[PDB]
Amino acid sequence: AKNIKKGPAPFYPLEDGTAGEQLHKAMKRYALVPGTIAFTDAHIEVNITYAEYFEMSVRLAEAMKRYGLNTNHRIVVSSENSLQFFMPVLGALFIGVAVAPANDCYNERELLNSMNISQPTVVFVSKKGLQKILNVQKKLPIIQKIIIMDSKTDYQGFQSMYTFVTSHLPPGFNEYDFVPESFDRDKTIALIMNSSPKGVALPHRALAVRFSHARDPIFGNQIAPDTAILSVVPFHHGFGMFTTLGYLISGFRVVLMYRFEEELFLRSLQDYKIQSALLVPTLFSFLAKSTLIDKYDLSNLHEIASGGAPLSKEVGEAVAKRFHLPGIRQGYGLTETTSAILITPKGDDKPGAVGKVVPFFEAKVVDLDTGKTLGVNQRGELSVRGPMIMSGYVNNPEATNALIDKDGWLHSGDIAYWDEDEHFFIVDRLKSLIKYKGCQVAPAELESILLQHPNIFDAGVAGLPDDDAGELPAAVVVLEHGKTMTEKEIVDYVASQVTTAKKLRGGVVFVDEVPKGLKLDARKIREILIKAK
Ligand SMILES: Nc1ncnc2c1ncn2[C@@H]1O[C@H](COS(=O)(=O)NC(=O)c2csc(-c3nc4ccc(O)cc4s3)n2)[C@@H](O)[C@H]1O
């Protein structure tokens, strides 16, 4: 058992009851403390108090409960990051209705298939996303109601969140006497997240564990709710969803930035007195280089975190020195593990490490071809188990069991080693998966589009390392015998077929063979790609 790394016992205890109960219990409290702000849009200088947030989420839960929704139902929240985003999430959580967040970047096909899985009864959506929701509802009969999020009044004949609640609540309804539902938090699903595409069922139990990590003085943030954090992370993904839920149960003021502005990301830090910034590894070179950074009162900024993708050790400690931080704080996780399950422990900074095993979890490194558990400083595939690991892929047990073994070990597709202090380091990726500016890009979609081309015999798609995007989608192309085609042509061809995140920005390299085994070798493909550039 010396080769199994285990989290310590939690520094903030696990709390009783559903995640809805825990959220409600905590926000009801913040809601009684005058002037406590829950969310701030940094762009337009608009705040929503905890009081207001709590009241609207409660109005929403009762309305939904009266509309007929129970633990047998799901909803979708399809919306770009906004002040209103969490209202239906919290609302549904209070009553045990599963929330299925949809990526606001999704096209109609991806969206249709996401919701084909989640089977939601009601859909919450912004103005931007309504027309897509409509085109889907036609093909998806189970959707019976579409409610607009970023409108106060009704819109194109559809109820807003506000008119929807006034119409389903009994008059003289009191929010502060609402009691959230109790249910078996192990079997009641809190969220169904997309995993590129499948539905990741996350029970309430997993959220309860996250709420422990979140308020943990070592593995999250110490609970002084007089705290302001700035977050630039998409709400619809696990990184943004479970950090933010943890910030709310902590009573933090969550300051939001949707677009990174060099002039703003520093101004917002100074004016709002940001104590902690939750960032993605792409903004780090910016924050390492910019000279404007020098003149603001940031004495209140004691922490900067990153996650979701690799952070350069060197860049990380540069940004850490400039801000007089002990180091960049980090978290590593997958959608299937709910949230981060490796996290840099406060006071235990070690540059380049993504952190240590969180409480309740275990981690191990298994050899790439024998599957044997390995020891200290040995590169292998990282496997994890613990109570935030998803219940399983919604209506896909075969993909569930290939990912999660008989003993609960989830093999992550990442390559890692742990050192003597039990610090973990992520040094490579086994699986085929690209992250372009945080956005997931499945190589298989790109490959099938490439093969479609008459001049293309075979192709392999992987990530090309980019300093400001992390990875650029790029391809090894094997031309059909005696057929010709340039890189520019292959690129515009693919562009015509794909949404903006999947554009083959990394270019193309021509080869005689796409590296395979007995399945595509992502590492060998990334190798050939860089060998060029
Ligand atoms: N820190 C990291 N370093 C290097 N690689 C990282 C990484 N995090 C995710 N990855 C990669 O993303 C993959 C998973 O992709 S994924 O499905 O989209 N899911 C995620 O990326 C994911 C799900 S939850 C989560 C995080 N939560 C946090 C909470 C606090 C904090 O300080 C930092 C973090 S990161 N990230 C991993 O397998 C790995 O390849």
Side-chain angles (χ1 to χ4, degrees), residues 101 103 191 193-195 197-200 202 206-207 209-216 218-221 229 231-247 250 276-282 284 303-313 315-316 327-346 349 352-356 358 361 363 381-384 388-390 393 403 410-416 423-431 433-436 438-442 462-463 465 470-471 501 522-523 526:
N103 184 0
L191 280 99
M193 314 284 303
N194 298 309
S195 180
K198 293 171 289 278
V200 173
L202 299 179
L207 274 65
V209 174
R210 170 61 195 165
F211 294 159
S212 181
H213 301 154
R215 291 174 293 202
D216 189 294
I218 300 306
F219 287 98
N221 305 286
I229 56 86
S231 178
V232 300
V233 192
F235 289 160
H236 58 75
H237 177 270
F239 186 15
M241 166 69 65
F242 299 109
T243 54
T244 307
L245 284 176
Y247 294 155
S250 295
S276 173
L278 185 69
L279 301 191
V280 291
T282 25
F284 275 83
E303 141 154 338
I304 296 179
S306 171
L311 175 68
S312 160
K313 172 190 178 180
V315 171
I328 310 306
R329 194 124 201 275
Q330 275 194 81
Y332 154 92
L334 302 93
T335 304
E336 285 85 357
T337 69
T338 303
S339 188
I341 73 285
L342 297 176
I343 297 180
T344 68
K346 186 162 179 292
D349 302 272
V354 301
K356 291 191 192 192
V358 293
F361 264 73
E381 191 193 1
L382 177 58
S383 291
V384 300
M388 283 198 315
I389 278 173
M390 67 161 178
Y393 290 123
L403 182 69
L410 178 150
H411 79 87
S412 69
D414 300 292
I415 305 172
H423 284 117
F424 274 79
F425 300 77
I426 306 289
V427 307
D428 208 341
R429 187 172 316 161
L430 172 71
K431 59 192 185 199
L433 152 90
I434 306 170
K435 290 212 191 185
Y436 166 76
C439 291
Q440 300 182 50
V441 167
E471 283 182 306
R523 284 182 293 159
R526 295 189 198 102

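Read the numbers this way: they start at 1 and go in the same order the structure lists the ligands and their atoms. Here, residue 1 is the first one in the sequence, and each next residue gets the next number.
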Quick one: which ligand 1 atoms are inside 4.0 Å of a heavy atom on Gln440?
18 (O)
Between ligand 1 and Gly331, is the shortest N or O to N or O distance under 3.5 Å?
yes
Test your reading of the model: is there a side-chain donor-acceptor pair from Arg526 to the backbone of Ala462, 3.5 Å cut-off?
no
With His237 via side-chain hydrogen bond (donor to acceptor under 3.5 Å, both in side chains) - residues at least two apart:
none
Of the backbone atoms (N, CA, C, O) and the side-chain heavy atoms from C-beta on, which set of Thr338 has a member under 4.0 Å from an atom of ligand 1: side chain, backbone, both, or neither?
backbone
Between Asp428 and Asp414 (side chain of the first, backbone of the second, donor and acceptor by atom type, cut-off under 3.5 Å), is there such a pair?
no
Consider only side-chain N and O atoms of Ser412 and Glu381, and report whether a donor and an acceptor are under 3.5 Å apart.
no
Judged on heavy-atom distance to atom 40 (O) of ligand 1, which of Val354, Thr243, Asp414 sits nearest?
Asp414
Give the contacting part of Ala305 toward ligand 1: side chain, backbone, both or neither, where contact means a heavy-atom distance below 4.0 Å.
side chain
For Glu303 and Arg329: C-alpha separation, side-chain torsions, deciding distance, then whether salt bridge (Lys or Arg N to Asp or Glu O under 4.0 Å) applies.
CA-CA 7 Å; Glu303 141 154 338; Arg329 194 124 201 275; 3.6 Å; yes
May I ask you to list the atoms of ligand 1 that are less than 4.0 angstrom from any heavy atom of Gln330?
1 (N), 32 (O)
Contact partition for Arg329 relative to ligand 1, non-hydrogen atoms under 4.0 Å
neither
Taking atom CZ of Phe211 and atom CG of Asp216, what is their separation to the nearest 0.5 Å?
14.5 Å
Close-contact set for ligand 1 against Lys435 heavy atoms, below 4.0 Å:
12 (O), 15 (O), 16 (S), 18 (O), 20 (C), 21 (O)
For ligand 1, is any non-hydrogen atom under 4.0 Å from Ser195's backbone (N, CA, C, O), its side chain (CB onward), both, or neither?
neither
Looking only at distances, can you tell me whether any N or O atom of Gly307, backbone or side chain, sits closer than 3.5 Å to an N or O atom of ligand 1?
no
Identify every side-chain donor-acceptor pair in residues 339-346 under 3.5 Å, counting partners at least two apart or on other chains, and give the distances.
unit_1, atom_1, unit_2, atom_2, d
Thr344, OG1, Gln330, N, 3.0

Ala340: numbered ligand 1 atoms lying under 4.0 Å from its heavy atoms:
27 (N), 28 (C), 29 (C), 34 (C)
Can you tell me if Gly220 contacts ligand 1 (heavy atom of the residue under 4.0 Å from the ligand)?
no
To the nearest 0.5 angstrom, please state how far the OG atom of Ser231 sits from the CZ atom of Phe239.
7.0 Å
Is the backbone N or O of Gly333 less than 3.5 Å from a side-chain atom of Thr337, with the two atoms forming a donor-acceptor pair by type?
no
Atoms in ligand 1 with a heavy atom of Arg429 nearer than 4.0 Å:
40 (O)
Rounded distance [0.5 Å steps], CG in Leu382 versus CZ in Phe425:
13.0 Å
For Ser306, the atoms of ligand 1 under 4.0 Å from one of its heavy atoms are 33 (C)
Test your reading of the structure: does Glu336 have an N or O sitting under 3.5 Å from an N or O of ligand 1?
no
So is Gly413 in contact with ligand 1, going by heavy-atom distances below 4.0 Å?
no
